[PDB]
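These notes are about the structure you will find just below.
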Amino acid sequence: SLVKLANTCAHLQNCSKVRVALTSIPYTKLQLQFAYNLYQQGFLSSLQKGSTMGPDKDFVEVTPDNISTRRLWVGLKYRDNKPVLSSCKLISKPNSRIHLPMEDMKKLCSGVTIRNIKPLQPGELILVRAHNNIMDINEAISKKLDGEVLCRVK
Amino acid sequence: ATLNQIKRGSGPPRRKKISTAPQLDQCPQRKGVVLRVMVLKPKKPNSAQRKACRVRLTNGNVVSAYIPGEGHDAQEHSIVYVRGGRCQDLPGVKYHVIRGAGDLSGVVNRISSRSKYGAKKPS
Amino acid sequence: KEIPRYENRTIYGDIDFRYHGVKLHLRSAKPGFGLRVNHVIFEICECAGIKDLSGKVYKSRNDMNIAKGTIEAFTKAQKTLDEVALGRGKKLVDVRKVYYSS
Amino acid sequence: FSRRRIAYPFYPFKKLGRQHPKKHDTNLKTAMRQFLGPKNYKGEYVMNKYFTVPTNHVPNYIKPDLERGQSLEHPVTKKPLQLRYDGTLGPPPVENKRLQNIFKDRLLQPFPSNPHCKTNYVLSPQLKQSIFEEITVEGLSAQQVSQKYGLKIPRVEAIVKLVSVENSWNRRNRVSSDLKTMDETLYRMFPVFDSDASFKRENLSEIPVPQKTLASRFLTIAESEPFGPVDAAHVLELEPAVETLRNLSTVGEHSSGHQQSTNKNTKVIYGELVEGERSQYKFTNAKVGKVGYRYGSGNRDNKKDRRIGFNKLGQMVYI
RNA sequence: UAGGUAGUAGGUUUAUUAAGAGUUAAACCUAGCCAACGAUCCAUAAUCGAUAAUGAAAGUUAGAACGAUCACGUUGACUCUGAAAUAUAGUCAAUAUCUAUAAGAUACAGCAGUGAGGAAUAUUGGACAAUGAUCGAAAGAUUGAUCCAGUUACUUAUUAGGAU
RNA sequence: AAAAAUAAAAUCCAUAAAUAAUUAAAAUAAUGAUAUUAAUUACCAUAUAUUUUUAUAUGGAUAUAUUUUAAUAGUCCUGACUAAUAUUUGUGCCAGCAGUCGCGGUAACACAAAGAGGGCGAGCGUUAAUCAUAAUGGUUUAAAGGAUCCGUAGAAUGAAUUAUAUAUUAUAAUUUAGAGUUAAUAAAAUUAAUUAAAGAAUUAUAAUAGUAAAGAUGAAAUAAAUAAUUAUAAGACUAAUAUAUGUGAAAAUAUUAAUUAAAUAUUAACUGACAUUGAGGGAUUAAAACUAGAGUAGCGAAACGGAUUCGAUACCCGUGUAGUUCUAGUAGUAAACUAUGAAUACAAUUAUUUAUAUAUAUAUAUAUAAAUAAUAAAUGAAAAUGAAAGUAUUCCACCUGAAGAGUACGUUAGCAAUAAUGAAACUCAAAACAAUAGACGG
RNA sequence: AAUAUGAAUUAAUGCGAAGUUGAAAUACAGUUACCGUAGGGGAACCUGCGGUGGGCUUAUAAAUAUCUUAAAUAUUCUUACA
Ligand SMILES: [K+]
Ligand SMILES: [K+]
Ligand SMILES: [K+]
Ligand SMILES: [K+]
Ligand SMILES: [K+]
Ligand SMILES: [K+]
Ligand SMILES: [K+]
Ligand SMILES: [K+]
Ligand SMILES: [K+]
Ligand SMILES: [K+]
Ligand SMILES: [K+]
Ligand SMILES: [K+]
Ligand SMILES: [K+]
Ligand SMILES: [K+]
Ligand SMILES: [K+]
Ligand SMILES: [Mg+2]
Ligand SMILES: [Mg+2]
Ligand SMILES: [Mg+2]
Ligand SMILES: [Mg+2]
Ligand SMILES: [Mg+2]
Ligand SMILES: [Mg+2]
Ligand SMILES: [Mg+2]
Ligand SMILES: [Mg+2]
Ligand SMILES: [Mg+2]
Ligand SMILES: [Mg+2]
Ligand SMILES: [Mg+2]
Ligand SMILES: [Mg+2]
Ligand SMILES: [Mg+2]
Ligand SMILES: [Mg+2]
Ligand SMILES: [Mg+2]
Ligand SMILES: [Mg+2]
Ligand SMILES: [Mg+2]
Ligand SMILES: [Mg+2]
Ligand SMILES: [Mg+2]
Ligand SMILES: [Mg+2]
Ligand SMILES: [Mg+2]
Ligand SMILES: [Mg+2]
Ligand SMILES: [Mg+2]
Ligand SMILES: [Mg+2]
Ligand SMILES: [Mg+2]
Ligand SMILES: [Mg+2]
Ligand SMILES: [Mg+2]
Ligand SMILES: [Mg+2]
Ligand SMILES: [Mg+2]
Ligand SMILES: [Mg+2]
Ligand SMILES: [Mg+2]
Ligand SMILES: [Mg+2]
Ligand SMILES: [Mg+2]
Ligand SMILES: [Mg+2]
Ligand SMILES: [Mg+2]
Ligand SMILES: [Mg+2]
Ligand SMILES: [Mg+2]
Ligand SMILES: [Mg+2]
Ligand SMILES: [Mg+2]
Ligand SMILES: [Mg+2]
Ligand SMILES: [Mg+2]
Ligand SMILES: [Mg+2]
Ligand SMILES: [Mg+2]
Ligand SMILES: [Mg+2]
Ligand SMILES: [Mg+2]
Ligand SMILES: [Mg+2]
Ligand SMILES: [Mg+2]
Ligand SMILES: [Mg+2]
């Protein structure tokens with residue numbers, strides 16, 4: 001759900017403003033892939049599966065009996081009195097989805113405004129979804145993949 | 001407005017200057033015949049005896065044109081050429097007569113800005 | 001105050017900053033691009049040492065609030081490559097600069 | 001705020017006092033006569049320090065800021081002379097310290113307000129002959145001579161072309177005394193090029209800056225990932241910068257690597273020429289869809305950007 | 001302009017055509033079809049480009065000039081020939097003019113030119129030398145296509161004196 | 001530092017044109033309209049050397065030299081926007097200038113000119129036009145949230161896992177976090193409709209004794225009493241509690257009882273995305289008003305009188321009709337207001353109530369929600385908002401300078417009053433909001 | 001029947017100057033203003049009915065207070081004592 005992703009991006013912005021070290025997001029494949037990319041890119045300190053009450057200390061298999069109570073717990077980073085994850089916004093919106101060919105993704109990473117999308121900025125992460133996998137735009141360009149431009153994180 | 005409201009017509013109003021000389025019919029100037037020469041009083045805070053003229057254009061539109069320059073020889077039945085441009089202090093006078101065209105002569109003894117007053121170059 | 005400058009000529013990336021009623025949209029520019037911005041922003045860039053910049057002001061164009069907003073934007077809305085790298089634990093490479101390196 | 005400003009000298013000068021009614025002089029004119037000094041009966045300005053050319057390979061460029069407008073000196077001793085109350089020229093009261101230790105860069109800077117403009121070095125008549133004899137006789141490559149004397153390859157190729165013209169002129173006695181006098185005078189006005197002097201040597205690593213690369217792309221990679229010029233070139237989809245430099249060094253007509261044969265693949269026919277025919281037909285194979293004048297092309301003749309060219313005879317022709 | 005449609009929407013068959021189809025004509029059935037994402041109606045307009053103008057760009061504007069497409073040759077309908085024409089043909093009628101007074105001829109939106117209208121847009125020019133087109137076996141003939149020149153700062157460009 | 005001005009003249013050297021010779025190319029088998037061709041050369045021709053080009057020497061050709069020879073730009077502007085500092089004269093709110101702001105009433109940088117100056121330039125100016133010049137917008141208070149909710153279309157949006165496919169979509173299976181169904185347990189007695197009752201008072205009438213003034217107002221005056229104690233009749237209204245707390249979609253809703261309908265929390269089981277929003281549409285909708293039939297105490301447009309006043313078509317007083325009430329309808333409008341559409345996810349505190357649950361050394365304590373109040377952050381033109389007017393997402397309505405105007409015309413609807421829809425021309429460079437310091441305030 | 005034109009005839013409105021009759025609004029504007037609606041009046045406006053605050057949150061006391069070693073001891077103390 002792109003709506004759920006929009007909710008998560010706004011949630012991370014709210015948590016960053018107050019500087020909470022740990023917060024939770026809905027437990028779904030898309031959310032997990034989104035969080036994992038942020039973790040590997042250095043925006044998140046930690047990524048743990050858990051429940052509504054907190055991160056799990058020991059592995060807890062997820063089943064239909066407890067799926068409704070599952071959450072993903074992410075640790076936010078702050079350095080030099082500034083949040084590392086300051087802004088998080090969708091590019092492809094629920095009411096206007098943007099699918100770009102690899103050629104247009106290369107233009108976006110080169111300073112060209114494509115379909116009103118402002119180009120990639122220094123130190124910014126743009127994520128793309130292709131065949132239900134989320135990856136950085138630079139990785140999609142390397143794999144010659146066409147995909148939906150989901151969001152930009154800075 | 002929402003994305004669907006924009007799809008249905010919502011948008012920013014367009015900015016383009018509007019015509020201030022509708023009686024000319026999108027022409028640089030139109031010939032006319034003076035119906036009556038008149039003297040009008042500026043709106044405050046201005047004071048003067050501004051010379052104007054009522055003119056019937058070749059397209060049937062009747063307009064009020066300001067006669068620029070010091071002194072004019074325009075009379076009734078005189079053939080005049082009317083261009084755009086309003087007289088700011090005279091409400092309802094939205095046009096100018098061209099000096100040195102038709103039966104309206106150039107300003108007598110004009111030295112500066114002669115081209116604006118139909119005055120030929122002195123030898 | 002000291003303001004970060006990329007290559008001591010421009011800003012790091014783009015800035016969309018709101019100072020009261022002034023909407024500032026500032027974009028970094030290539031070397032030799034010059035200053036193509038509001039006249040108030042131009043003077044500030046000259047004193048600060050910014051040589052290349054593009055931008056547009058929306059909503060309020062009050063000179064006083066453009067100047068203050070610009071100063072605030074140059075300090076609160078910029079992040080150096082070094083600060084981004086350290087915060088994320090990643091290496092950030094300027095491709096144009098590497099292309100002309102040994 | 002702006003107003004018209006008469007260009008009065010920035011330095012102090014003796015302004016006009018009470019004037020006889022028929023002089024009709026100006027403060028600008030009197031400031032110029034003070035800069036120029038007296039004019040002799042021959043129409044010369046011997047007291048001005050710029051009237052005569054230097055003869056020691058050191059340019060005499062104007063230094064108004066450093067001399068504060070004092071342009072007069074003794075024509076033989078080169079000793080400063082300034083205007084006094086009597087209306088005569090004499091030694092200054094205090095020596096000018098700003099004119100005795102001038103930076104080396106400033107000596108070559110002709111315009112006071114622009115320190116990015118400097119004169120070039122003149123090549124000696126000997127170095128030119130050496131370069132000419134190495135490229136033509138010894139058969140060295142322009143790349144070698146360029147890397148040896150510290151001269152850019154285009155300049156090296158130009159020297160060979162010009163020395164060839166000087167031999168033909170000297171072989172037909174076309175270089176007159178006046179030309180020799182003028183050449184020597186101009187030679188003694190410029191700093192001579194020294195191949196050994198490192199600072200005088202021309203940079204040999206310059207490449208044109210492309211436009212696609214002029215933008216600033218940034219990549220976020222792993223903290224310990226190596227990224228070098230070759231990787232950057234792949235990202236920017238350009239040949240490595242070192243390769244560009246090497247390809248630009250093989251362009252000289254006498255440089256190594258100069259090659260042009262991949263184009264000799266276009267069928268050409270030269271029509272038969274018969275006695276009495278004033279011209280020959282040359283046919284060049286082309287491809288339908290590329291050859292021909294297009295229909296409905298933009299007419300620019302009545303536009304400011306109308307195309308203007310020059311034919312083989314040098315005559316201006318519309319393209 | 002909110003309801004519109006009655007060959008109207010669909011089915012079957014014949015006629016007609018090289019050829020499908022309510023395309024036209026004839027017959028018989030079904031009750032449909034279009035429409036507030038704007039029907040029907042009214043007004044306005046020749047359309048467009050790898051053309052022109054403008055803008056950072058998306059776009060916006062023009063549709064003269066270059067090119068593509070359509071329609072028309074005073075107005076309407078019809079017919080003939082033909083692969084193709086409701087033809088700048090023919091027929092009849094309409095409007096206007098003309099002379100030969102005939103069931104007559106002409107219609108400059110071909111070139112030049114004139115009057116009119118308008119703020120405003122040119123010579124009653126030269127040549128078939130070039131490129132094309134028609135006729136002819138050829139020699140050649142014809143060509144206001146076309147090529148040139150004239151008029152007009154309407155646009156563009158170059159030049160319109162340097163040293164002292 | 002007031003220049004005009006290296007400007008002029010003069011000096012040096014050129015080229016164009018002219019003159020002379022020569023002469024391509026458009027075209028060749030031949031044909032040239034253009035054409036008095038372009039170009040080149042400067043006595044012509046030739047030889048040699050000679051990037052080009054240059055140079056020498058030769059044949060003929062004139063008197064050692066060899067055709068001649070120039071350079072007259074206009075137009076707008078100089079208060080600010082907007083480049084124009086060297087000043088001066090005339091005019092005196094006149095004459096006139098003006099794209100915008102404006103200028104002109106005797107020191108006019110703006111009018112008309114001189115001087116000087118700034119643009120563009122064989123053009124310059126001006127008019128008519130096109131493009132660009134802010135939505136990288138807004139609607140509590142400035143233009144702008146629809147009175148309210150229900151719900152149709154939506155070519156609007158919308159959960160989870162897995163597997164395929166031709167892939168942000170489709171299909172299938174599976175799942176329960178959204179949305180619902182039914183029970184159980186606890187809680188509450190409100191909101192609609194209907195029926196049945198109660199209450200204090202008011203007015204009128206009658207009786208009673210008892211009197212002579214009563215009533216009203218700022219003060220007044222107009223129209224066997226007033227007051228008191230009884231009895232009777234009628235209509236309307238609903239004191240305290242009470243906070244509209246709460247409840248209801250809004251409008252609304254507080255004397256009592258009854259009937260019918262709807263409404264809460266938690267738990268258990270169940271359905272398995274069945275949801276959100278909602279054009280058009282539908283329903284409900286204060287007060288006034290209207291159509292019928294009842295009612296009519298009090299109140300009260302109008303009308304008629306009394307006062308006040310210089311006047312008083314008013315404010316105050318009297319008499320008081322419609323109306324206000326009930327029944328059955330029409331109509332769909334309000335500052336129908338939180339001047340703030342609905343839904344979802346989310347973000348830092350405190351206080352105070354309420355609810356449910358838990359515990360006990362039984363009355364507090366601990367939890368989780370809701371409401372309200374004050375705030376952090378954030379947002380904002382600010383006043384302020386504060387769980388939204390914050391961070392986001394989805395859907396609908398609406399706005400695009402003032403005035404003209406919610407007017408005109410048409411149309412639809414209504415018994416009617418009217419309601420809905422809803423312009424343009426002309427004119428102007430205004431117009432509006434928040435806040436600041438004053439002044440003023442019966 | 002439509003479109004266009006003129007049109008007897010007739011309706012609404014703007015600006016300009018410029019007085020007149022009143023004093024309706026802005027302060028408690030001297031009767032709180034305004035919204036809807038109805039009636040009335042030279043004119044603004046007045047009056048009835050409900051609504052709104054864009055007017056009264058502008059909100060600010062019926063007062064009363066207590067016992068342990070006052071010092072040879074707390075009050076001093078400078079990295080000390082322990
Ligand atoms: K239509
Ligand atoms: K034409
Ligand atoms: K021909
Ligand atoms: K000039
Ligand atoms: K607002
Ligand atoms: K309530
Ligand atoms: K399912
Ligand atoms: K729906
Ligand atoms: K609706
Ligand atoms: K009554
Ligand atoms: K309210
Ligand atoms: K709504
Ligand atoms: K009042
Ligand atoms: K009212
Ligand atoms: K009222
Ligand atoms: Mg200026
Ligand atoms: Mg058929
Ligand atoms: Mg049909
Ligand atoms: Mg039929
Ligand atoms: Mg037409
Ligand atoms: Mg177009
Ligand atoms: Mg068009
Ligand atoms: Mg044409
Ligand atoms: Mg035809
Ligand atoms: Mg026809
Ligand atoms: Mg015909
Ligand atoms: Mg004709
Ligand atoms: Mg013609
Ligand atoms: Mg005419
Ligand atoms: Mg001819
Ligand atoms: Mg010549
Ligand atoms: Mg010939
Ligand atoms: Mg003028
Ligand atoms: Mg004066
Ligand atoms: Mg001016
Ligand atoms: Mg003037
Ligand atoms: Mg002058
Ligand atoms: Mg020109
Ligand atoms: Mg735009
Ligand atoms: Mg809103
Ligand atoms: Mg509302
Ligand atoms: Mg409203
Ligand atoms: Mg549930
Ligand atoms: Mg009594
Ligand atoms: Mg009560
Ligand atoms: Mg409440
Ligand atoms: Mg709904
Ligand atoms: Mg009744
Ligand atoms: Mg009364
Ligand atoms: Mg009703
Ligand atoms: Mg109304
Ligand atoms: Mg309303
Ligand atoms: Mg209400
Ligand atoms: Mg709901
Ligand atoms: Mg109405
Ligand atoms: Mg205010
Ligand atoms: Mg009063
Ligand atoms: Mg009053
Ligand atoms: Mg009042
Ligand atoms: Mg009354
Ligand atoms: Mg009232
Ligand atoms: Mg008030
Ligand atoms: Mg208040």
Side-chain angles (χ1 to χ4, degrees), chain A residues 1-4 6-11 13-15 17-18 20 26 28-29 64 67-69 89-90 92-95 97 99 113 116 118 129 131-132 147-148, chain B residues 1-5 8 11-13 15-16 19 21 24 26-31 41 43-50 58 68-70 81 83-85 87-89 91-92 96 98 111-116 121, chain C residues 16 20-21 23 25 56-60, chain D residues 2-6 8 15-16 24 26-29 164-165 168-169 172-174 277-278 294-306 308 313 315-316 318:
Chain A
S1 165
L2 288 191
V3 170
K4 281 191 194 291
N7 293 357
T8 289
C9 303
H11 180 56
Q13 290 188 159
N14 299 346
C15 289
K17 286 289 184 181
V18 294
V20 290
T28 80
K29 187 185 176 193
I67 186 59
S68 68
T69 63
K89 183 192 171 180
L90 292 179
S92 167
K93 284 179 59 182
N95 72 345
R97 313 220 168 173
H99 293 83
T113 296
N116 193 30
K118 290 172 167 180
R129 192 174 55 186
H131 278 220
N132 297 313
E148 189 179 74
Chain B
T2 60
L3 189 51
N4 293 345
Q5 286 174 350
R8 291 197 292 274
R15 164 169 47 159
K16 298 182 175 178
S19 182
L24 295 181
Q26 291 207 347
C27 302
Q29 54 211 78
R30 296 304 299 267
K31 183 170 59 181
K41 165 183 175 188
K43 71 186 183 178
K44 297 170 176 186
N46 280 4
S47 307
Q49 296 300 291
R50 306 247 184 268
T58 51
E70 289 180 351
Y81 290 91
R83 67 168 173 78
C87 184
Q88 293 85 350
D89 62 13
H96 277 54
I98 300 172
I111 297 161
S112 83
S113 65
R114 287 186 291 93
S115 79
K116 298 184 170 188
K121 194 174 183 73
Chain C
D16 305 304
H20 298 256
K23 295 170 172 170
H25 302 279
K56 180 73 173 177
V57 182
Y58 266 32
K59 191 175 166 47
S60 174
Chain D
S2 174
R3 63 178 184 79
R4 194 245 177 159
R5 288 186 173 82
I6 291 174
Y8 293 111
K15 300 192 186 186
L16 294 177
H24 306 298
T26 72
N27 270 296
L28 299 159
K29 284 171 181 183
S164 295
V165 172
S168 310
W169 275 57
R172 304 167 297 181
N173 302 2
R174 295 182 56 181
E277 290 175 353
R278 302 165 288 121
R294 288 162 168 288
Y295 291 74
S297 60
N299 184 21
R300 309 305 302 175
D301 286 7
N302 67 329
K303 307 305 184 178
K304 290 183 180 181
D305 68 356
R306 79 168 298 151
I308 295 174
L313 304 177
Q315 299 171 330
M316 206 173 111
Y318 292 129

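Every chain is numbered from 1 and lettered A, B, ... according to where its sequence line falls, protein lines coming before strand lines. Just so it is clear, the values below take in all heavy atoms, side chains as well, and ignore hydrogens, waters and symmetry mates.
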* For RNA chain E, note the earliest and the latest nucleotide, 5' to 3', having some atom under 4.0 Å of a heavy atom belonging to chain B. => E/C37 to E/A119

* Asked: Which of the following nucleotides, F/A39, F/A3, F/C395, is nearest to the side chain of D/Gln315?
  -> F/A39

* Would you kindly give the CG-to-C1' distance between B/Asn46 and F/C94, to the nearest whole Å? => 13 Å

* Asked: Who are the ring-ring contact (aromatic ring centres under 6.0 Å, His included) partners of A/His11, not counting sequence neighbours?
  -> none

* All side-chain contact (heavy atoms from CB on, under 4.5 Å) counterparts of A/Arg97, not counting sequence neighbours -> A/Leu2, A/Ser92, A/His99, A/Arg129, A/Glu148

* Side chain of D/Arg5, base of F/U85: donor and acceptor closer than 3.5 Å? -> no

* Where the side chain of A/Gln13 is concerned, which of F/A392, F/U6, F/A156 is the nearest nucleotide? -> F/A392

* To do: Compare side-chain N and O positions of B/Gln5 against OP1 and OP2 of F/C396 and report whether any pair is under 4.0 Å apart.
  => no

* Could you please name the partner base of F/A200, counting Watson-Crick and G-U wobble pairs only when both distances are under 3.5 Å? => none

* Asked: So, does the side chain of D/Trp169 form a donor-acceptor pair with the base of F/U50 at under 3.5 Å?
  -> no

* Structure fact -> Considering only heavy side-chain atoms of A/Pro64, the closest of F/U50, F/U175, F/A160 is F/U175

* Can you find an N or O donor on one side and an acceptor on the other, under 3.5 Å apart, linking the side chain of B/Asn4 with the base of F/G154? -> no

* Identify which nucleotide among F/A392, F/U176, F/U168 has an atom closest to any side-chain atom of A/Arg129, counting heavy atoms from C-beta outward. => F/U168

* Using the torsion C1'-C2'-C3'-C4', state whether the ribose or deoxyribose of F/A24 falls on the north (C3'-endo) or south (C2'-endo) side. => north

* N/O donor-acceptor pair, side chain A/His11 with base F/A345, under 3.5 angstrom -> no

* Asked: Taking the side chain of D/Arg278 as its heavy atoms from C-beta onward, which of F/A95, F/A3, F/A26 lies nearest to it?
  -> F/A26

* To do: Provide the distance between the two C1' atoms, one in F/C13 and one in F/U69, to the nearest whole Å.
  => 13 Å

* Choosing from F/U393, F/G104, F/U394, which nucleotide comes nearest the side chain of A/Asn95? -> F/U394

* **Residues that C/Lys23 engages under side chain to side chain donor-acceptor pair (under 3.5 Å), provided they are two or more places apart** => none

* Asked: side chain to side chain donor-acceptor pair (under 3.5 Å) with B/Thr58: which residues, sequence neighbours excluded?
  -> B/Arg30

* Are F/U22 and F/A21 stacked, with six-ring centres under 5.5 Å and planes under 30°? -> yes

* **Residue-phosphate contact under 4.0 Å: A/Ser68 side-chain N/O, F/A177 OP1/OP2** => yes

* State whether B/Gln88 places a side-chain N or O below 4.0 Å from either non-bridging phosphate oxygen (OP1 or OP2) of F/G99. => yes

* Just call it for D/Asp305: base, sugar-phosphate, or nothing, with non-hydrogen atoms closer than 4.0 Å on any strand. => nothing

* To do: Could you check whether B/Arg50 gets within reach of a base, just the sugar-phosphate, or nothing at all, counting any heavy atom under 4.0 Å?
  => base

* Candidates F/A26, F/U391, F/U176 - which lies nearest the side chain of A/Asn14 -> F/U391

With 3.5 Å as the limit, what N/O pairs link the protein to nucleotides 12-17 of chain G?
from: G/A17; atom 1: OP1; to: B/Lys44; atom 2: N; distance (Å): 3.2

* So, is A/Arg97 close to the F/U169 phosphate, meaning a side-chain N or O under 4.0 Å from OP1 or OP2? -> yes

* Name the nucleic acid region contacted by A/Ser1, choosing base, sugar-phosphate or nothing; use a 4.0 angstrom heavy-atom cut-off, strictly under. => sugar-phosphate

* Structure fact -> Protein heavy-atom contacts under 4.0 Å, written 5' to 3' over nucleotides 132-137 of chain F as B (base), S (sugar-phosphate only) or - (none), form the string -BBBBB

* Structure fact -> Taken in chain and number order and not counting sequence neighbours, the residues that satisfy salt bridge (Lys or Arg N to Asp or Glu O under 4.0 Å) with D/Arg306 are D/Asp301

* Asked: With sequence neighbours left out, what residues match D/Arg300 under salt bridge (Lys or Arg N to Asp or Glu O under 4.0 Å)?
  -> D/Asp305

* If we call a positive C1'-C2'-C3'-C4' torsion north and a negative one south, what is the sugar of F/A429? -> south

* Structure fact -> To the nearest angstrom, the CG-P distance between A/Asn7 and F/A347 comes to 11 Å

* Got a donor-acceptor contact below 3.5 angstrom from the D/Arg5 side chain to the D/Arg3 backbone? -> yes

* Asked: A/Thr28 side chain N/O closer than 4.0 Å to the phosphate oxygens (OP1, OP2) of F/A160?
  -> no

* Separation between the P atoms of F/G248 and F/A262, rounded to whole Å -> 14 Å

* Please identify each residue that fulfils side chain to side chain donor-acceptor pair (under 3.5 Å) with B/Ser113, with sequence neighbours left out. => B/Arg110

* Asked: Once each nucleotide of nucleotides 112-126 of chain F is scored for protein heavy atoms under 4.0 Å, what B/S/- sequence comes out, 5' to 3'?
  -> SSS--S-------SS

* Asked: Can you tell which of F/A3, F/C396, F/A95 lies closest to the side chain of D/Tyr8?
  -> F/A3

* Structure fact -> Once the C1'-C2'-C3'-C4' torsion sign is read, positive north and negative south, the sugar of F/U6 turns out south

* Heavy atoms under 4.0 Å, any strand shown: does B/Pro45 hit a base, just sugar-phosphate, or nothing? -> base

* To do: For F/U152 and E/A25, measure between their P atoms and round to the nearest Å.
  => 48 Å

* **Set of salt bridge (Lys or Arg N to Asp or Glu O under 4.0 Å) partners for B/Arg50, sequence neighbours left out** => B/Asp89

